[PDB]
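Student: Submitted below is the structure of interest, expressed as structure tokens.
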Number of protein chains: 4
Amino acid sequence: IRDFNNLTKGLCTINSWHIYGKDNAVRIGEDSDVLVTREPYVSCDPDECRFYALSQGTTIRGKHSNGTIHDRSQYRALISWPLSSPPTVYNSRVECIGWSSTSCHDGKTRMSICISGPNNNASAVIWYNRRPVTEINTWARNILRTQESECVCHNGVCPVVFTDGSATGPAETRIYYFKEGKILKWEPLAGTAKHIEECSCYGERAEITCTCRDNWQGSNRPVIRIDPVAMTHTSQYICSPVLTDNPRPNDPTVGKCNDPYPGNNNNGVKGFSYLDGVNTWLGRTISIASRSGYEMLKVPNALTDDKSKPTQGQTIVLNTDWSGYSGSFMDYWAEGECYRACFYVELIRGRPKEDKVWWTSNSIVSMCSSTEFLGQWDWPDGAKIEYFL
Amino acid sequence: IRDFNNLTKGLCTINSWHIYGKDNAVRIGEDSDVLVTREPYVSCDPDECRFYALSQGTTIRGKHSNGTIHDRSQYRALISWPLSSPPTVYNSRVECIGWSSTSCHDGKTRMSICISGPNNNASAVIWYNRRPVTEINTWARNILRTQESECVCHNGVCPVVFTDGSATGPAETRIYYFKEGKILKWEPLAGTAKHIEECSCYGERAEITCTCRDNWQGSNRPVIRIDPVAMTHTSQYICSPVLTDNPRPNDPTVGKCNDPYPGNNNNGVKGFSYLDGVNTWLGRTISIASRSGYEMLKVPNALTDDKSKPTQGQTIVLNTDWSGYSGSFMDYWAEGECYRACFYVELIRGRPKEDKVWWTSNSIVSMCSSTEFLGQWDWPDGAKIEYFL
Amino acid sequence: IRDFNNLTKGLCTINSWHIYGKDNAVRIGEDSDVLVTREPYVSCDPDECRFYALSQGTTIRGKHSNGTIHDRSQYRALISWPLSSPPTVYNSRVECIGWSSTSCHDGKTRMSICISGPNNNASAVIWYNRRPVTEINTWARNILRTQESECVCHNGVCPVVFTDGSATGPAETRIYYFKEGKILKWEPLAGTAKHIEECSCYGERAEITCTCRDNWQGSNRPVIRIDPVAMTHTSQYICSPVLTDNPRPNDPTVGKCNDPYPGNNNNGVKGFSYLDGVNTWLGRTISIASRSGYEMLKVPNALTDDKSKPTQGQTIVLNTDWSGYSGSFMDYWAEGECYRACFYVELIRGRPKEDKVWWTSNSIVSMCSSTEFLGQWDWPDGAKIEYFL
Amino acid sequence: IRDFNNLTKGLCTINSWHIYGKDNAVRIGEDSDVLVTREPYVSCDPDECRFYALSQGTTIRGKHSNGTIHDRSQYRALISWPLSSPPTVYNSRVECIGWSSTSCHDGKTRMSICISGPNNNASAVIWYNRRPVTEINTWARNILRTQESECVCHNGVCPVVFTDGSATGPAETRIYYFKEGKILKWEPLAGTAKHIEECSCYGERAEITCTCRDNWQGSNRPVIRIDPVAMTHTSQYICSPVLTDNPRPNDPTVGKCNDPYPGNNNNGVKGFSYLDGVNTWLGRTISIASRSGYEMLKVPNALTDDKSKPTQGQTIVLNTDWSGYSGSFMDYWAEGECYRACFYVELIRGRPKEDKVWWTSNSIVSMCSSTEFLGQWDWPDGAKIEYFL
Ligand SMILES: *[C@@H]1O[C@H](CO)[C@@H](O[C@@H]2O[C@H](CO)[C@@H](O[C@@H]3O[C@H](CO[C@H]4O[C@H](CO[C@H]5O[C@H](CO)[C@@H](O)[C@H](O)[C@@H]5O)[C@@H](O)[C@H](O[C@H]5O[C@H](CO)[C@@H](O)[C@H](O)[C@@H]5O)[C@@H]4O)[C@@H](O)[C@H](O[C@H]4O[C@H](CO)[C@@H](O)[C@H](O)[C@@H]4O[C@H]4O[C@H](CO)[C@@H](O)[C@H](O)[C@@H]4O[C@H]4O[C@H](CO)[C@@H](O)[C@H](O)[C@@H]4O)[C@@H]3O)[C@H](O)[C@H]2NC(C)=O)[C@H](O)[C@H]1NC(C)=O
Ligand SMILES: *[C@@H]1O[C@H](CO)[C@@H](O[C@@H]2O[C@H](CO)[C@@H](O[C@@H]3O[C@H](CO[C@H]4O[C@H](CO[C@H]5O[C@H](CO)[C@@H](O)[C@H](O)[C@@H]5O)[C@@H](O)[C@H](O[C@H]5O[C@H](CO)[C@@H](O)[C@H](O)[C@@H]5O)[C@@H]4O)[C@@H](O)[C@H](O[C@H]4O[C@H](CO)[C@@H](O)[C@H](O)[C@@H]4O[C@H]4O[C@H](CO)[C@@H](O)[C@H](O)[C@@H]4O[C@H]4O[C@H](CO)[C@@H](O)[C@H](O)[C@@H]4O)[C@@H]3O)[C@H](O)[C@H]2NC(C)=O)[C@H](O)[C@H]1NC(C)=O
Ligand SMILES: *[C@@H]1O[C@H](CO)[C@@H](O[C@@H]2O[C@H](CO)[C@@H](O[C@@H]3O[C@H](CO[C@H]4O[C@H](CO[C@H]5O[C@H](CO)[C@@H](O)[C@H](O)[C@@H]5O)[C@@H](O)[C@H](O[C@H]5O[C@H](CO)[C@@H](O)[C@H](O)[C@@H]5O)[C@@H]4O)[C@@H](O)[C@H](O[C@H]4O[C@H](CO)[C@@H](O)[C@H](O)[C@@H]4O[C@H]4O[C@H](CO)[C@@H](O)[C@H](O)[C@@H]4O[C@H]4O[C@H](CO)[C@@H](O)[C@H](O)[C@@H]4O)[C@@H]3O)[C@H](O)[C@H]2NC(C)=O)[C@H](O)[C@H]1NC(C)=O
Ligand SMILES: *[C@@H]1O[C@H](CO)[C@@H](O[C@@H]2O[C@H](CO)[C@@H](O[C@@H]3O[C@H](CO[C@H]4O[C@H](CO[C@H]5O[C@H](CO)[C@@H](O)[C@H](O)[C@@H]5O)[C@@H](O)[C@H](O[C@H]5O[C@H](CO)[C@@H](O)[C@H](O)[C@@H]5O)[C@@H]4O)[C@@H](O)[C@H](O[C@H]4O[C@H](CO)[C@@H](O)[C@H](O)[C@@H]4O[C@H]4O[C@H](CO)[C@@H](O)[C@H](O)[C@@H]4O[C@H]4O[C@H](CO)[C@@H](O)[C@H](O)[C@@H]4O)[C@@H]3O)[C@H](O)[C@H]2NC(C)=O)[C@H](O)[C@H]1NC(C)=O
Ligand SMILES: *[C@@H]1O[C@H](CO)[C@@H](O[C@@H]2O[C@H](CO)[C@@H](O)[C@H](O)[C@H]2NC(C)=O)[C@H](O)[C@H]1NC(C)=O
Ligand SMILES: *[C@@H]1O[C@H](CO)[C@@H](O[C@@H]2O[C@H](CO)[C@@H](O)[C@H](O)[C@H]2NC(C)=O)[C@H](O)[C@H]1NC(C)=O
Ligand SMILES: [Ca+2]
Ligand SMILES: [Ca+2]
Ligand SMILES: [Ca+2]
Ligand SMILES: [Ca+2]
Ligand SMILES: [Ca+2]
């Protein structure tokens with residue numbers, strides 16, 4: 001009955017962003033049984049789109065919320081839940097157990113991947129059709145880790161980018177090509193990106209583009225472009241001087257295409273872009289110093305043009321509100337002739353920026369592109385920290 | 001498999017109203033995780049009827065309920081939930097994000113529309129089959145806004161009435177004709193209605209009738225009648241001297257067919273009527289001054305007869321209980337030979353009438369017509385405000 | 001696809017009773033969002049069996065639980081929920097609004113009936129396939145009321161017994177014959193039963209037997225036997241001197257077949273029996289004075305033999321625990337060659353017997369027959385009232 | 001459409017264990033409506049795998065949690081719920097009522113068995129396709145009891161092991177062979193096992209292997225091997241000197257194949273093994289004295305070789321964390337050419353080891369085998385008891 005999805009369409013023209021989903025999880029969880037989360041994303045099946053994140057295995061009001069700034073424990077799991085509801089104890093479906101994930105539907109069924117273990121002995125389990133199929137042991141014994149947003153499939157082949165090794169020098173990044181949860185091939189990273197974490201990917205016209213985080217050196221973002229038929233890839237950086245990691249230095253006039261733009265070391269944030277010629281939009285935090293604010297900038301030819309500057313933009317979160325990770329997804333099963341770019345922003349609340357509470361959590365806002373030039377609003381998390389004291 | 005619904009039936013004869021649904025949301029939410037709402041309605045799919053409303057993105061007992069008198073924020077969404085259950089965190093399905101909505105099923109799938117943004121830069125997103133399809137930017141830069149109750153479709157064409165512009169003088173009302181979430185046509189309001197907000201619509205014999213709110217001048221209600229095949233409409237007022245907005249002056253002996261009946265300016269409430277010759281019933285608040293009580297009056301030829309008075313009635317909510325918005329819907333997929341008129345009343349609790357609590361919310365009661373002459377009960381919200389202090 | 005169910009089987013031989021379902025609702029609702037209920041029952045669809053009851057439109061821990069001894073309000077509804085779960089805010093499906101009900105599946109879909117209104121102006125609404133179809137106005141203007149347990153259908157015809165009029169003298173009982181929610185016929189009660197309330201019915205070999213409550217005079221129970229093909233009935237009393245209403249006098253040696261067995265006036269409890277020759281079992285409270293304890297007694301030929309005494313029995317609830325209403329149901333869609341008799345007991349907690357709390361609620365236990373002679377346990381509600389203070 | 005499952009595959013090669021599911025129930029239930037449980041397990045249907053356990057009919061934070069160390073009451077039920085969610089009031093489906101259970105899917109539908117009653121008069125009810133079909137009365141009048149983990153079917157025949165009689169001397173164990181919930185045959189235990197409780201079973205190549213608990217004498221575990229076609233069985237003990245009950249004496253150099261290995265009397269814990277030649281893995285608690293820690297040991301030929309020692313292992317729960325019962329299950333409906341061994345560990349919290357709280361409950365962790373040699377983590381319950389004081 002169902003066939004594997006093929007990436008046959010190009011991106012729709014992005015003239016602005018419209019609201020798609022928002023869960024208000026922190027506001028609602030002040031007085032309801034909402035799980036503490038972080039590292040959220042969005043992903044569609046052929047008949048539904050859902051929110052996803054890594055639970056911390058406690059509610060926000062629960063006493064076990066104390067300590068949830070920590071990224072890795074035995075109490076995390078990848079959960080999904082209905083679009084724009086909050087992640088509650090009673091509506092959250094566990095996809096797999098662990099503290100680093102990705103997930104994508106191939107048109108027939110869903111693959112989900114969760115990594116668990118101690119830092120020196122982690123392993124991935126690849127689930128397909130809600131059953132475990134393949135396992136991969138750590139190859140560098142230092143926090144095996146993956147995208148924290150959806151993967152993308154083409155004719156059953158779903159590439160996934162993993163890293164294992166240091167966060168503050170060269171590491172061992174691998175691109176795995178899965179089909180029905182089995183490994184067809186893997187390759188080591190090639191090209192000019194010097195460090196890769198937390199790739200945010202999308203597909204169009206039989207090519208998958210991933211915008212990642214160079215935690216080690218780069219305040220420009222590395223880009224991996226994957227051919228899922230040939231099962232090959234390239235890597236470079238976004239050439240534009242509109243720098244989109246965080247923290248970062250101020251924007252220069254000329255960026256770097258094949259090396260990290262320097263100025264900030266050993267830090268970053270997961271983020272994304274859509275790189276499609278003149279139809280190119282970059283997300284970034286507004287602040288250069290912290291995970292505050294969020295904006296989209298139209299930067300024609302950002303990938304290839306080392307002097308490209310914005311020609312249009314849209315504020316998503318004011319710089320007086322907290323943001324966080326951000327990532328790409330699309331509804332590959334929508335009607336019409338083109339794929340509509342979407343993204344989400346994780347709105348982090350609690351530690352370390354708001355340390356009067358003992359927890360860290362987030363809510364989600366997400367937007368998709370419009371071919372209209374729509375008015376803009378800002379979309380904060382909306383919770384009052386003082387209510388939790 | 002499924003075909004678009006056609007409005008092939010006339011209304012059943014309304015000889016009284018029977019109880020259809022009631023959620024007791026405020027009573028139950030005193031000690032359960034019920035979302036704060038307002039602007040509720042009811043709408044049917046071919047296999048289920050559901051309650052809908054605009055959440056405020058907090059529970060009633062939650063500390064974020066403080067401030068929920070306010071109509072527009074980034075934390076509102078259109079939600080639906082099973083008939084007569086309350087809107088809870090765990091059972092409420094988000095249809096779209098925003099602070100003004102409508103929704104209707106065309107026989108194949110559902111269209112939902114939500115407007116969001118700041119007052120001077122709002123936009124509608126039209127969702128079809130649970131995906132975003134079309135967007136419309138504000139045309140007058142002043143609170144783009146729509147029905148707050150269900151739309152109606154005929155052979156796939158679902159007209160929707162929007163207003164943008166002042167609430168206290170001429171505004172720019174448009175009737176959009178959607179099919180599969182795409183715009184076939186729109187037209188500016190024509191006819192003699194001088195201001196339109198919050199239309200309540202129903203269909204019968206290939207005609208859609210909408211009873212709306214003239215916020216600017218009129219205490220009689222404007223009526224828009226739409227031909228969804230020709231995609232044309234007319235407008236006038238209910239001619240009857242039984243005035244049905246709120247607040248309003250006392251009832252005269254002769255009303256106005258083609259102009260606002262004066263006496264109250266710059267206010268109103270969403271309401272409804274069924275206008276079908278001798279089979280005409282009007283809803284209204286009992287109080288002329290405030291949103292208290294609710295009654296149905298049988299007013300033969302109310303639309304056309306400027307001296308028409310009641311010949312029968314039914315009390316729905318006593319004048320010592322709070323009411324609120326009211327609106328029309330029908331189950332277009334029921335058995336039998338005629339469409340059974342239904343309506344709901346929003347029972348508003350909290351601010352501004354009950355200001356010992358810091359929140360505003362509501363529950364729902366809803367009734368449908370019977371061809372019997374049934375005994376009447378009154379149907380209050382039923383919550384005790386003192387329990388929330 | 002689906003056909004109407006026919007009553008083609010006889011009862012299985014009842015040699016003891018096994019546990020079927022129990023919800024522990026009061027225990028669990030001490031610290032979860034469980035609705036206050038009373039007047040529960042059980043009813044099966046072709047693919048699932050569910051618990052049903054009349055909600056009071058509040059949780060047990062909620063402040064609106066104060067006052068829930070009262071039987072009739074605008075905040076009651078017939079709800080159903082999964083077998084042996086408790087009736088919670090989040091899992092309870094409302095079937096219809098009102099304070100007296102019955103419900104049954106005909107093999108194609110379900111009919112549910114709810115009565116609402118003030119005592120002098122009540123009305124029934126008959127829902128079929130989850131939509132309202134027919135309405136019936138009060139005929140005697142004194143608490144129109146029905147079974148409070150499931151009805152039974154045969155080839156689409158579902159008879160239902162209603163009463164309207166005094167509870168303490170002659171009233172007007174009617175048997176309605178519904179098909180697809182429409183009235184085929186009704187008849188006034190005939191035969192020798194002198195007053196009827198709250199009938200508990202079951203079907204076998206194309207005959208429906210209902211055991212009811214004579215509130216006015218009788219401590220023996222009236223029995224109505226209905227032919228759903230001819231749409232006729234008879235009535236009499238259980239002849240046995242094993243008296244099964246409550247309160248009641250002590251058991252005599254000879255009962256009454258065609259008149260109320262006297263000794264207690266103007267009170268009773270809903271109850272049931274299976275009347276099948278030697279395979280006859282009667283339920284009753286153990287106490288003659290109050291709704292405490294519950295037992296089944298095998299009383300061969302109880303219906304017809306005015307000296308019949310027990311030959312076997314089973315204790316269901318000890319006389320040191322509270323009971324309440326009880327009623328019959330069967331799974332008419334089970335495998336095998338005979339219908340397995342089942343029943344439920346309502347375990348009432350709170351007022352008036354336990355008046356340190358301000359509420360009245362209940363839980364459910366239910367049993368079905370076995371052809372084995374099984375060991376017996378007792379099945380109390382299990383909640384500690386002191387925990388609610 | 002569906003056919004009965006046949007055990008046509010052998011076990012996959014077990015080279016390590018990967019995380020499969022974990023519910024964090026005690027952590028989450030500190031501030032959400034999680035039921036108190038014990039005696040959990042896991043079982044798959046053709047389209048889903050679920051967690052199961054015996055509820056205690058109260059939440060953990062509820063006042064009725066006081067006293068839940070006790071094993072048998074009228075308020076217990078077998079519940080199931082989605083894999084890795086916690087067992088909550090709102091998501092837990094009751095399978096049947098009682099205080100000892102087993103359940104398995106035959107490829108067409110599920111059989112569930114629950115035993116209830118007082119110790120001297122207990123009875124099993126066998127449910128098939130969610131309806132009661134057969135009942136079995138106590139044969140020895142002393143705590144009729146069964147596996148507390150899943151049964152296994154082959155071509156519709158689902159053997160189940162029961163015991164009735166003393167826990168501290170010879171008892172009466174029976175193997176029942178069910179098909180469609182009916183009894184085809186039963187046999188008394190034969191072979192050399194001298195006492196049997198709480199068998200943990202799995203199937204491969206048309207043979208079912210059960211590893212049980214000799215509560216009376218043995219610190220080695222008894223093994224029952226069942227031929228579900230011939231409906232015959234054998235019994236012996238695991239010959240290995242790697243002793244796997246608890247409490248137990250220290251490991252000797254030579255075990256016992258046909259008699260209990262002595263040293264500890266009248267106690268034990270439910271546990272499991274996979275016995276497949278060199279592909280043999282045994283679970284056990286790390287502590288010899290208490291239910292603390294959990295490890296898997298690869299013990300080639302453990303069943304048959306009375307000097308077999310470990311050649312590989314994996315720690316599952318550190319010896320500074322509490323464990324509990326453990327049991328086997330597999331997904332018999334997975335893809336591929338072999339059945340992947342899985343197990344669960346019950347992580348008991350509260351009494352008697354943690355007696356500052358008044359309750360006993362547990363959470364679940366579960367693992368399945370990998371053909372990789374994966375890094376290991378430990379998987380504690382994760383709750384802080386002090387938060388519950
Ligand atoms: C109702 O809603 C609508 C729809 O949302 C609202 O309209 C939106 O309004 C916003 C806000 O104004 C606009 O976003 C900004 O867009 C500009 C880009 O547009 C300007 O530039 C265009 C390019 O000009 C150049 O090239 C063209 C050739 O292609 C040439 O023609 C031109 O002369 C010049 O050489 C112009 O084309 C464009 O004009 C067009 O549009 C105008 C409407 O906007 C119209 O008036 C014109 O007639 C014409 O049609 C326009 O001039 C972005 O540049 C801008 O983003 C910068 O600024 C914000 C702060 O506001 C900052 O956060 C951004 O990061 C970015 O600035 C940083 O980075 C730059 C790049 O390196 C750097 O140069 C800056 O110094 C700055 O860097 C500093 O901050 C960063 C961030 O913290 C830090 O990292 C650095 O280190 C450093 O510290 C905004 O995105 C929307 O485009 C506009 N949308 C639409 C459709 O109109 C409307 O306002 C609402 N109505 C109401 C009443 O509220
Ligand atoms: C069990 O349940 C049943 C079923 O519900 C209960 O029966 C229901 O009882 C109620 C309450 O009585 C009825 O509702 C009222 O209905 C009347 C209309 O019916 C009267 O008028 C009919 C028309 O008479 C005129 O025309 C005919 C020709 O067509 C001519 O024949 C006649 O002589 C005259 O010229 C009569 O036909 C009708 O008689 C029939 O029915 C009688 C039963 O009701 C029966 O006894 C008769 O034999 C005959 O069969 C009857 O006389 C509505 O007028 C009325 O609503 C007005 O009053 C309420 C206050 O009660 C008010 O809230 C309404 O807004 C409305 O009055 C306001 O507006 C008017 C219009 O502008 C204005 O004129 C009024 O001054 C008033 O205005 C003021 O208040 C408003 C609102 O606050 C404010 O805006 C203004 O500014 C101003 O301040 C009720 O709807 C049901 O129809 C009736 N149903 C049935 C089927 O019987 C039964 O009672 C229950 N039993 C028990 C024991 O409780
Ligand atoms: C493990 O579980 C098993 C299975 O559950 C347990 O076994 C069950 O045990 C219970 C309790 O004993 C039994 O229930 C009682 O059953 C008797 C009926 O059986 C007796 O009578 C039979 C009829 O005898 C007469 O007729 C036959 C001819 O048909 C003739 O042969 C005979 O001589 C005589 O003329 C006997 O056949 C039967 O014997 C058989 O079974 C015996 C086992 O029980 C066995 O030992 C024998 O060999 C033989 O095989 C037996 O003698 C019911 O009468 C009884 O119910 C009455 O008593 C209870 C109080 O205990 C009361 O609550 C009931 O309401 C009822 O008594 C009231 O009503 C009567 C009727 O009007 C009245 O006469 C009484 O005075 C009394 O009235 C007072 O109280 C009521 C209520 O408050 C009030 O309204 C009145 O006004 C008044 O104040 C019990 O139901 C089960 O049948 C039995 N089941 C099985 C399969 O064995 C086993 O015990 C458990 N094991 C353990 C270790 O716990
Ligand atoms: C990243 O993750 C990986 C993967 O998990 C981690 O690697 C795992 O590391 C663990 C911990 O070391 C290993 O588990 C232990 O495995 C050993 C078995 O392996 C040893 O023995 C093998 C057999 O040797 C004998 O036979 C062979 C012939 O077949 C012969 O060649 C040999 O000379 C000898 O005669 C060796 O083959 C094996 O070597 C191989 O593997 C090595 C890696 O482990 C490698 O270095 C070698 O080159 C070679 O490749 C190895 O030597 C188990 O014996 C052991 O379990 C015992 O000990 C633990 C305590 O640690 C205890 O809890 C167990 O119960 C058990 O000991 C009890 O029972 C025994 C049996 O009766 C008894 O003899 C003991 O005295 C003891 O009894 C006491 O305690 C019990 C329990 O409380 C009580 O009941 C008794 O009464 C008494 O008080 C562990 O299971 C994994 O196998 C290994 N996995 C893999 C794939 O490598 C890696 O460490 C992680 N990395 C980091 C950085 O953390
Ligand atoms: C995606 O492209 C693949 C490759 O062309 C399509 O695969 C074919 O699908 C049909 C079944 O629908 C098979 O009978 C062919 O044998 C397949 N060919 C190959 C080369 O695998 C697939 O159908 C396309 N997906 C969609 C949604 O059309
Ligand atoms: C119950 O009995 C009725 C009456 O005999 C059966 O009704 C017939 O059903 C078939 C469809 O399955 C029709 O084509 C006939 O016309 C029906 N006859 C009548 C007289 O109504 C019904 O099928 C029986 N129900 C079951 C479950 O067999
Ligand atoms: Ca960086
Ligand atoms: Ca007005
Ligand atoms: Ca709560
Ligand atoms: Ca009586
Ligand atoms: Ca033992």
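Quick note on naming: the chains in the structure tokens go A, B, ... in the order shown, residues restart at 1 in each chain, and ligands are numbered from 1 in order of appearance.
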Counting only C-alpha atoms, which residues from chain A have an atom at most 12 Å from any atom of chain C, and could you show them as a PyMOL selection string?
Tutor: chain A and resi 32-33+90-91
Student: Write the residues of the preceding selection, restricted to N, CA, C and O atoms, as a PDB file, in the first residue's frame.
Tutor:
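Final output, selection.pdb:
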```pdb
ATOM      1  N   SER A  32      -0.012  21.407  35.930  1.00  0.00           N
ATOM      2  CA  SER A  32      -0.502  20.188  35.273  1.00  0.00           C
ATOM      3  C   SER A  32       0.718  19.291  35.119  1.00  0.00           C
ATOM      4  O   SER A  32       1.849  19.744  35.322  1.00  0.00           O
ATOM      5  N   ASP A  33       0.494  18.016  34.739  1.00  0.00           N
ATOM      6  CA  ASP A  33       1.569  17.038  34.819  1.00  0.00           C
ATOM      7  C   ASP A  33       2.355  16.983  33.512  1.00  0.00           C
ATOM      8  O   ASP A  33       2.253  16.018  32.754  1.00  0.00           O
ATOM      9  N   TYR A  90       0.636  11.788  30.442  1.00  0.00           N
ATOM     10  CA  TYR A  90      -0.457  10.945  29.963  1.00  0.00           C
ATOM     11  C   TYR A  90      -0.588  10.968  28.432  1.00  0.00           C
ATOM     12  O   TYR A  90      -1.434  10.221  27.897  1.00  0.00           O
ATOM     13  N   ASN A  91       0.091  11.861  27.717  1.00  0.00           N
ATOM     14  CA  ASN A  91      -0.090  11.920  26.266  1.00  0.00           C
ATOM     15  C   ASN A  91       1.258  11.673  25.574  1.00  0.00           C
ATOM     16  O   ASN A  91       1.317  11.771  24.331  1.00  0.00           O
TER      17      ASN A  91
END
```
Student: Which residues are near residue 295 (chain B)? Cut-off 6 Å, only C-alpha atoms, ignore same chain within fewer than 5 positions. Put them as a PyMOL selection string.
Tutor: chain B and resi 283-284+314-316
Student: For region 8-10 of chain B, please output as a VMD selection string all residues within 10 Å (counting only C-alpha atoms; exclusion window: fewer than 4 positions along the same chain).
Tutor: chain B and resid 154 203 to 207 276 332 336 to 340
Student: Please, which residues have at least one atom within 10 Å of an atom of ligand 11, using only C-alpha atoms and all ligand atoms, listed as an MDAnalysis selection string?
Tutor: chainID D and resid 168 195:197 212:222 243:248 260:270
Student: Within 12 Å of residue 278 (chain B), counting only C-alpha atoms, which residues show up once you throw out same-chain ones fewer than 3 positions away? Write them as an MDAnalysis selection string, please.
Tutor: chainID B and resid 11 13:15 274:275 281:282 297:305 308:312
Student: Using C-alpha atoms, can you export the residues from the last selection as a CSV table (one decimal), in the first residue's frame?
Tutor:
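Resulting contents of selection05.csv:
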```csv
chain,number,residue,atom,x,y,z
B,11,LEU,CA,-34.6,23.1,8.8
B,13,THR,CA,-39.7,22.4,12.6
B,14,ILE,CA,-38.6,23.9,15.9
B,15,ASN,CA,-41.3,23.4,18.5
B,274,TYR,CA,-32.7,30.7,12.8
B,275,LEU,CA,-34.6,32.7,10.2
B,281,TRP,CA,-36.3,31.6,16.6
B,282,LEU,CA,-34.1,34.3,18.0
B,297,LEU,CA,-38.0,33.4,21.3
B,298,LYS,CA,-40.1,32.2,18.5
B,299,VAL,CA,-40.7,35.3,16.4
B,300,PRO,CA,-42.4,34.4,13.1
B,301,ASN,CA,-40.9,36.3,10.1
B,302,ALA,CA,-38.5,38.2,12.3
B,303,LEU,CA,-36.2,38.8,9.4
B,304,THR,CA,-38.8,40.5,7.2
B,305,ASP,CA,-41.5,41.7,9.6
B,308,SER,CA,-43.0,40.8,14.6
B,309,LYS,CA,-43.3,39.8,18.3
B,310,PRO,CA,-42.9,36.4,20.1
B,311,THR,CA,-45.4,33.6,19.9
B,312,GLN,CA,-43.5,31.1,22.0
```
Student: Would you list the residues that come within 12 Å of ligand 9? Count only C-alpha atoms and all ligand atoms and give the answer as a ChimeraX atom specification.
Tutor: /A:29-34,59,61-62,89 /B:29-34,59,61-62,89 /C:29-34,59,61-62,89 /D:29-34,59,61-62,89
Student: Residues within 9 Å of residue 359 (chain A), please, as a PyMOL selection string. Count only C-alpha atoms; anything in the same chain fewer than 3 positions from it doesn't count.
Tutor: chain A and resi 36+60+64-69+349-352+355
Student: Determine which residues of region 26-169 of chain C receive a DSSP assignment of helix (DSSP H, G or I), computed from the backbone, and state them as a list in words.
Tutor: residues 26, 27, 28, 29, 63, 64 and 65 of chain C
Student: Residues at most 10 Å from ligand 6, using only C-alpha atoms and all ligand atoms? Could they come as a PyMOL selection string?
Tutor: chain C and resi 1-8+106-108+154-156+333
Student: Any chance you could export the current selection's C-alpha atoms as a JSON list (two decimals), in the first residue's frame?
Tutor:
```json
[["chain", "number", "residue", "atom", "x", "y", "z"],
["C", 1, "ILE", "CA", -21.79, -5.31, 7.47],
["C", 2, "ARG", "CA", -23.28, -5.53, 10.99],
["C", 3, "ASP", "CA", -26.67, -7.12, 11.66],
["C", 4, "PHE", "CA", -29.02, -6.53, 14.52],
["C", 5, "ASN", "CA", -28.39, -8.92, 17.40],
["C", 6, "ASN", "CA", -31.05, -11.56, 18.03],
["C", 7, "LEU", "CA", -31.60, -13.20, 21.44],
["C", 8, "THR", "CA", -31.07, -16.72, 20.14],
["C", 106, "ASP", "CA", -28.57, -3.30, 19.12],
["C", 107, "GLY", "CA", -25.68, -5.06, 17.28],
["C", 108, "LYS", "CA", -25.32, -2.19, 14.78],
["C", 154, "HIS", "CA", -33.81, -8.08, 19.71],
["C", 155, "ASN", "CA", -33.75, -7.68, 15.90],
["C", 156, "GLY", "CA", -33.36, -3.92, 16.37],
["C", 333, "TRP", "CA", -21.57, -10.85, 21.53]]
```
